[PDB]
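Protein chains in written order, with the deposited numbering: chain L, 1 to 106, 106A, 107 to 121, 121A to 121B, 122 to 125, 127 to 188, 188A to 188B, 189 to 198; chain M, 1 to 106, 106A, 107 to 121, 121A to 121B, 122 to 125, 127 to 188, 188A to 188B, 189 to 198; chain I, 1 to 106, 106A, 107 to 121, 121A to 121B, 122 to 125, 127 to 188, 188A to 188B, 189 to 198; chain H, 1 to 106, 106A, 107 to 121, 121A to 121B, 122 to 125, 127 to 188, 188A to 188B, 189 to 198; chain N, 1 to 106, 106A, 107 to 121, 121A to 121B, 122 to 125, 127 to 188, 188A to 188B, 189 to 198; chain N', 1 to 106, 106A, 107 to 121, 121A to 121B, 122 to 125, 127 to 188, 188A to 188B, 189 to 198; chain H', 1 to 106, 106A, 107 to 121, 121A to 121B, 122 to 125, 127 to 188, 188A to 188B, 189 to 198; chain J, 1 to 106, 106A, 107 to 121, 121A to 121B, 122 to 125, 127 to 188, 188A to 188B, 189 to 198. A prime marks a further copy of an entry chain.
Number of protein chains: 8
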Amino acid sequence: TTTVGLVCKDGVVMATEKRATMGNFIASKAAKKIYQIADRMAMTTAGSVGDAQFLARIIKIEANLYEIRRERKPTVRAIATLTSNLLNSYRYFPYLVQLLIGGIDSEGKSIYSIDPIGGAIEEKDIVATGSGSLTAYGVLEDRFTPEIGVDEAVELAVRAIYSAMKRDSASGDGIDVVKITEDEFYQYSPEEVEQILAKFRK
Amino acid sequence: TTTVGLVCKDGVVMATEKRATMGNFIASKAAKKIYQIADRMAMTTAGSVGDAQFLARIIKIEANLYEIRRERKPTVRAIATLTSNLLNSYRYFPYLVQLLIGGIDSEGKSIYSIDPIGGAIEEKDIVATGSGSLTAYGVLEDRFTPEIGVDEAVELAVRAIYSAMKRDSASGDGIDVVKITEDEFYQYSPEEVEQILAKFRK
Amino acid sequence: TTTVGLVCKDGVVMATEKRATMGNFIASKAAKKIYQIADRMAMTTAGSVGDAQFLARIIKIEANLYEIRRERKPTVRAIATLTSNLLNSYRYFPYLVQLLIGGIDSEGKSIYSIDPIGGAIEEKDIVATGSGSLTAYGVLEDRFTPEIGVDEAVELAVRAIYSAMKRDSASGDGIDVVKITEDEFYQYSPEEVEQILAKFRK
Amino acid sequence: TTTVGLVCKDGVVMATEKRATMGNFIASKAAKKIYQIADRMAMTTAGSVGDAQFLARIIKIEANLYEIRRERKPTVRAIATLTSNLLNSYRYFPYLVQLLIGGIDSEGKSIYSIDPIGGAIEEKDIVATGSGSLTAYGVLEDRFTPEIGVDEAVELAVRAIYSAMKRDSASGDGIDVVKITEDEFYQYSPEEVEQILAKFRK
Amino acid sequence: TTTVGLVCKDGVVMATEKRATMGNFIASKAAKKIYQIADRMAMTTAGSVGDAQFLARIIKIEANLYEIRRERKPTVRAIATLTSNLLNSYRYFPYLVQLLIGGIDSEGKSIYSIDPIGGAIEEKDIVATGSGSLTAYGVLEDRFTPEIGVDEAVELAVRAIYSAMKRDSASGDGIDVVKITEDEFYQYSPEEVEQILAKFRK
Amino acid sequence: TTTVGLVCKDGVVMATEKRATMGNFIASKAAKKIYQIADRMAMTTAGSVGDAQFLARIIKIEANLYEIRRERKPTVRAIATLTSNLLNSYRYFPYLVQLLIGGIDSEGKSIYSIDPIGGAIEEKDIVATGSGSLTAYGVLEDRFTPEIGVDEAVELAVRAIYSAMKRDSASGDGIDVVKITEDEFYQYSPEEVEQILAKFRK
Amino acid sequence: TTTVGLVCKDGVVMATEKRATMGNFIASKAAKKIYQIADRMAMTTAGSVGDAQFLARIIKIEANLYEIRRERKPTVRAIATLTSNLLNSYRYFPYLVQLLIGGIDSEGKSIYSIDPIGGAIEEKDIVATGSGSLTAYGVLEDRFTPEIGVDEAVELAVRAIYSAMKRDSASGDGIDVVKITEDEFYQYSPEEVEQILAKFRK
Amino acid sequence: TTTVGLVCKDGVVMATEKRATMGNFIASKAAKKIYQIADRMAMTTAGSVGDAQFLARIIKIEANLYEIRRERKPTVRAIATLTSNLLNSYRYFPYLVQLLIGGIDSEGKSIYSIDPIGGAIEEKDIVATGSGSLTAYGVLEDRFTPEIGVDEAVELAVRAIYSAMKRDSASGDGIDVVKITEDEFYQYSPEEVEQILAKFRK
Ligand SMILES: CCCC[C@@H](C=O)NC(=O)[C@H](CC(C)C)NC(=O)[C@H](CC(C)C)NC(C)=O
Ligand SMILES: CCCC[C@@H](C=O)NC(=O)[C@H](CC(C)C)NC(=O)[C@H](CC(C)C)NC(C)=O
Ligand SMILES: CCCC[C@@H](C=O)NC(=O)[C@H](CC(C)C)NC(=O)[C@H](CC(C)C)NC(C)=O
Ligand SMILES: CCCC[C@@H](C=O)NC(=O)[C@H](CC(C)C)NC(=O)[C@H](CC(C)C)NC(C)=O
Ligand SMILES: CCCC[C@@H](C=O)NC(=O)[C@H](CC(C)C)NC(=O)[C@H](CC(C)C)NC(C)=O
Ligand SMILES: CCCC[C@@H](C=O)NC(=O)[C@H](CC(C)C)NC(=O)[C@H](CC(C)C)NC(C)=O
Ligand SMILES: CCCC[C@@H](C=O)NC(=O)[C@H](CC(C)C)NC(=O)[C@H](CC(C)C)NC(C)=O
Ligand SMILES: CCCC[C@@H](C=O)NC(=O)[C@H](CC(C)C)NC(=O)[C@H](CC(C)C)NC(C)=O
């Protein structure tokens, strides 16, 4: 697993690959690791499949209910705080999961990286997660500039996850990307991604 | 143990062998590892006999009650989510079991592979489970094509579990197969299977 | 790692992929895992890189010296026995390596699979080795027939290692093949292999 | 693994199956587990493949040299004593092996069961060895009589090892049998065995 | 301990020996290990004496109460499912016991082998239990035929447990047998058993 | 295992049963546990079969060599001291064995019980050894009197070991007895023993 | 500790010695280890002093209350079942105690040996308990006959416990005996016992 | 620690940073991690300072002596093999070091990555080492092309190690680079490097 997230001048981008493993056994070539929380909020999951999936459901349901009840969409901060508390409450038998929760809201654009114990770091630009994160961080920290726009940012994301798949046998099989602009919450589809990494080597 | 599941263009196929072991002791040459959940939904069980049998009962009862109460059949997704949550709630003393739940429903055709912690991967084509899964995956990934039809898919299934029995001492003794077409939920009977693997070597 | 070996009616075939890992870290995309011992004898190495490489040198040197001194080429049996004894002598701090030594000699055609403790099995037809062996065994035990000829046997070999790369994150990156006929000891070169697996999917 | 040995009124019979395992992985369907030591002496090996194979070579070589030097064939007692001492000398890091050494000699007919620590029991009638021995002992202790003759004893042997293959997943794949009469040291060949167990069920 | 159970064409047979041990200490030469659950249902117990005894009481009481309340006798399946659930509920500190619950009921004839975790295998013919089971399985799998009748089946049972006592120091001291025909639920008494094994050697 | 030894007014008596076990597995019904060291000296062995057997050989050879060289038979004290030193020298990885070395010599009649560390107690009357010793001691300390004669002493011995077989699953299968009078070193043979315990119950 | 119990043709006899230890420290030369439960029921306690004493009080109180409430004396079976259940309920932190509960009741004469986990064996003749039981079993199994009468049975009991005191340093200091005939529940007093063992050696 | 090595079309480049740590303690801001073995051969060291430094001396001395004695410069292959063997000989208490040995020689251009156990991978293009390697690998695998020339390769190298220092607290403080062309073995000096990374951000 490897997922990235970058805050651009015009939005937010998040991406992940599709591999799920249990040791060296490749259990899945198409695991879902990117979830939609709100209209302009996404979440990427790295860690225990069962734990992540479980938590994802909770997160969604609570974001929904929040809106339906208060007639206001929850801010990423609210969802991040919510999730942190939940995670930390289980600090003595934590959910082995590394979350990325971000998007656009009344407060602006932001991304939060949250660990098993509910430690949340507010990402003001670049972030990678998963067994491949360190390689991904390589290119991200090389080519990123705050003025980057979401459109080239998705290329950068695919670029980084592509590198990581080359040195992390736990990553790979393909890549999902998501752009969160404001006028939209877009998900690229295999075709479009396959054509974006085509300008690379595969 | 070894169980396979493949989503064909015209349905779903699931199969397992009949061996149950405790170390090298072959406790059973005819263990049941394939269960019917709904009219067009089956489940294969790998892992702890006691745990799998216990969970099967729960799964069935809940599927039934769902329908009887809501007058709608539960979707595989619903049963899979249900089962995931249950499994994950016991994550600190998990039910050592690998489940395969699939069939046809209003949403389409699909199979879910669920682990002890409730981690569920949506199988869009091929899947194997059990101590023999890795060998079975060999032939499955070799001869499978999305256009494969349930009828040749059952042959493929028998084919894979047959290879597996040749390298996994924990597998063997025979094989059950199930076809879920729509016009039917068919179970082949020893005779028919014995005649399908007859075109192989035994 | 995943290596296969098959004894055909007209010779011997051995193949391996090129991946070397340390955890999930892919350390090499082109590791050498196939060595030439004598004119009609090869060896594939699975296990500890350092241990395998060390043993490989010893094996070659002793095979050479044997011939140079006795003016006779050593039989695979002689090299296999030699290696077994060496391996077993270190049984209390064994060389973590799974070896495949085979080819053609005055006694005929044969392959030996040898473990860390010097346990050698005489492969009279099919054999796989490495973290991907179980998947490879799948297709090997499915498509193999004693009448198979070395020429289609190299296809089969590529076929099996290809399946294995699909479910073993520790395998992959490419594949070496070697044909040991009698009139020759041939090594296919990337181009030729790339063209043989081209009739598959990649 | 499972091997039996019985002392008849007219000779000695010893048999084993052909399976070699590493966990549930069936590494070999045709492992050799019966060795000829002298003209009227055989040995069956249960345990670590590498250890047994290593010891077998030593046993043979020493039996040979004994005869070549003293122009007398070594008695089973001599080989058994020899092997005991060797085994026990390594008592603190023993060779994980269970040996059966027997045949006919100037002293009569006998079989010795020897363990890792060189503890040798003189079998005056029936004996089984390996992961399947306990099941084999079932039929052996049921149908054996001191007056049994080698010819029906080989049937009995196949009978016992056949039962064992039914409950010991570590046993199976076939069976070697050896008759040691005096006028001969005979090894039945697949055909003959296949026809002897044919009077059973397979 | 060693207990057997066989489903004949005309009924069910179950037998056990009478030894109870704590290490090598023979604590009892006449332990009871065969209980009557219903009119045509018996149960054999292997494992912890205290755990087995405790469970036996619960089983009986619940079978009784079932009939008294529903005016129907409980089927072996119902008792087996009941016992499974109870056993599995205590899966994290299980009752160290191996149970055999069978007899005749409206559904036919059947036997269930149930383990500490509530894993139940439906015995359609032969089954052994206890420290001597593996030896007992030897003769059972040797002499059994589906057409066997309860009358020769009790001989077979005595035969098997007799062999087992010969290689399992934890078994012995005597043997109880029970025939469940339909016209009866018979328990042989020492005299009758002593006379049945008399046709053997003791 | 269980062996006894008693010093009578007219000689020495030593006896043992014939069982050899590995867990609950009865490996032998006729193990030898009584050795002749000199003309009027015997030794019983309890413990590790391999260790006991190895030691027995050394003991014999050294007793022989002692006499051949010094033209005097070695006293039991000399053999006991010899054995003590050998045992104690290996005190940090001792030979798991309990030895009984006694008979008649120029110094009189005596028995020595020696443990793994070479601790030797001079038995002036009664002594038992093995897993059944404690039960054997029961009858020995009950019926023994210093005036007992070797002839009734052998009955006493059989008596004790017979009780022991009744509560020690590790003992049994038969019993060897040896009388060391002076005019003789007699070994009773199955027949004679079978007739001596016949005056008991079996 | 060492306690015996024997069922005679005319009643029941139970005896124990008086030693209580903590390591090699003799804490008591007159510990009470025999309790009266009902008019014709006694109980001997081996094990943890505090645990036994605690359980003894519970046993008595409940036997009493049983009778006072139902105006019937409780059968030994009832008390034994009662105690079993209590013991087993604490199976995960058991009361370290070995109990002997027996006497005469409407059902006949019987003795029950119960362990920490509530495993109760119904003693139909002979039984010993405690650190000395194995030696005591020696004489008991030697001199016992079903026709023995309580009067000689108390001699036998003293006899056995006397032997045990000779080889079990944890036993000794004296011996209590109790006869349960029907016309009486008698306790011999030091004088009478001292005079019964006087016909032995002390 | 983080070191990179790349084989260009016109030579070889190798670089490392200057940090040495013991936990979080920064022990050194200018540790030497690049050594000259021969005229056109360099070595980078990651791992234990003491181990690396020790091994470095041995390597140099042996390379020297080799040339002085044979009047030929040693090939990188020879030094790599030499080093492998040394490392492997100490496989049971290995030198905790990751080595990079490469340069230009009669055989061409190459780099070897060697581990504690003497496992050597032949780097045909890109390679990183140390706690920062995974990040470095990111940019290396992103910007590298076989046609890259040593001159831009040194930029790339500085680029990669610069990224790594950003996410590996164990790396940093500065960076050495070395070009091995043929007409030279050049080492850039702080000034030149400081000016090369100046085109980046620091
Ligand atoms: C659907 C999201 C999965 C994300 C993906 C990325 O890391 N994670 C995984 O694949 C994790 C990695 C392990 C080390 C926790 N795999 C797992 O959690 C697997 C999941 C099974 C469903 C195959 N199980 C175990 C015991 O590891
Ligand atoms: C009916 C379900 C059986 C499926 C089958 C496939 O894997 N599983 C099994 O056979 C499992 C495998 C082990 C490794 C958990 N066996 C078991 O669970 C056995 C079952 C006894 C009834 C013999 N028990 C133990 C303690 O292992
Ligand atoms: C190169 C020939 C060996 C086969 C190859 C394929 O798997 N083996 C390997 O890659 C083995 C696998 C492990 C599980 C022993 N890897 C290793 O031996 C590597 C070696 C490093 C130098 C990269 N890892 C460790 C921790 O020693
Ligand atoms: C070739 C005949 C050997 C006898 C045969 C019978 O038991 N033994 C075996 O098959 C033993 C069994 C294990 C439990 C020690 N297997 C082994 O020794 C295997 C051998 C490898 C070559 C696959 N290794 C390991 C670590 O298990
Ligand atoms: C009473 C019928 C049960 C079957 C019988 C046969 O094996 N079981 C037994 O004999 C079991 C075996 C152990 C290994 C759990 N014995 C026991 O449970 C004994 C029972 C005491 C009353 C002596 N306890 C202990 C701690 O060992
Ligand atoms: C052969 C005469 C020795 C006395 C005999 C009696 O107890 N000894 C034995 O039976 C010993 C007992 C164990 C606990 C050391 N058995 C053993 O030493 C067995 C011997 C094998 C040949 C089955 N080995 C193991 C590892 O248990
Ligand atoms: C009073 C009668 C109790 C029975 C008697 C028989 O064994 N038990 C005893 O004497 C037990 C024996 C040990 C091995 C549990 N002794 C004990 O329970 C002692 C009792 C103290 C009051 C001195 N405590 C300990 C920690 O040992
Ligand atoms: C000459 C190569 C030094 C490279 C440098 C970069 O990682 N290595 C190091 O700093 C290694 C790292 C540890 C994890 C083995 N450090 C060490 O070996 C330090 C050395 C002390 C002189 C500070 N000691 C300990 C106990 O760690």
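Ideal Cβ positions, reconstructed from N, Cα and C, are used throughout, including at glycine.
Burial state of residue i (16 or more Cβ within 10 Å)
i, result
"residue 52 of chain N", "buried"
"residue 17 of chain H'", "buried"
"residue 164 of chain N", "buried"
"residue 74 of chain H", "buried"
Chain H contact residues for residue i, given Cβ-Cβ distances below 7 Å
i, result
"residue 132 of chain N", "132, 133 and 165"
Under 7 Å from the C-beta of residue i: neighbouring residues of chain M
i, result
"residue 101 of chain N", "Chain M residues near residue 101 of chain N: none, gap ~15 Å exceeds 7 Å."
Residues that residue i contacts on chain N', provided the C-beta gap is smaller than 8 Å
i, result
"residue 26 of chain N", "164, 165, 166 and 167"
Continuous alpha helix (DSSP H) stretch holding residue i: start and end
i, result
"residue 192 of chain N'", "187-192"
Neighbour list for residue i in chain N, Cβ cutoff strictly below 8 Å
i, result
"residue 87 of chain H'", "50"
"residue 84 of chain H'", "50, 53 and 54"
Continuous beta strand (DSSP E) stretch holding residue i: start and end
i, result
"residue 15 of chain H'", "11-17"
"residue 177 of chain M", "173-178"
"residue 119 of chain N", "119-121A"
"residue 100 of chain H", "97-105"
Residues that residue i contacts on chain I, provided the C-beta gap is smaller than 7 Å
i, result
"residue 186 of chain J", "What residue 186 of chain J touches in chain I: nothing, since even the nearest Cβ is about 28 Å away."
Cross-chain neighbours of residue i in chain J, by beta carbon under 8 Å
i, result
"residue 98 of chain I", "Going along chain J, no residue has its Cβ under 8 Å from residue 98 of chain I, so there is no contact; the nearest lies around 15 Å."
"residue 191 of chain I", "Ordered by position in chain J, no residue passes the 8 Å Cβ test against residue 191 of chain I, which lies about 22 Å from the chain."
Chain M residues whose Cβ lies nearer than 8 Å to that of residue i
i, result
"residue 121B of chain N", "30"
"residue 116 of chain N", "48, 49, 50 and 51"
9 Å Cβ cut-off: residues of chain M touching residue i
i, result
"residue 91 of chain N", "48, 50, 51, 54, 93 and 95"
Per-residue contacts from residue i into chain L (C-beta, under 7 Å)
i, result
"residue 21 of chain I", "167"
"residue 119 of chain M", "53"
Minimum length 3: unbroken beta strand (DSSP E) runs contained in the segment 19-48 of chain N': 20-22, 25-28, 34-38 and 41-47
List in chain order the residues whose CB is within less than 6 Å of at least one heavy atom of ligand 6. H/114, H/118, H/120, N'/1, N'/20, N'/21, N'/22, N'/27, N'/31, N'/33, N'/45, N'/46, N'/47, N'/48, N'/49, N'/52, N'/96, N'/128, N'/129 and N'/168
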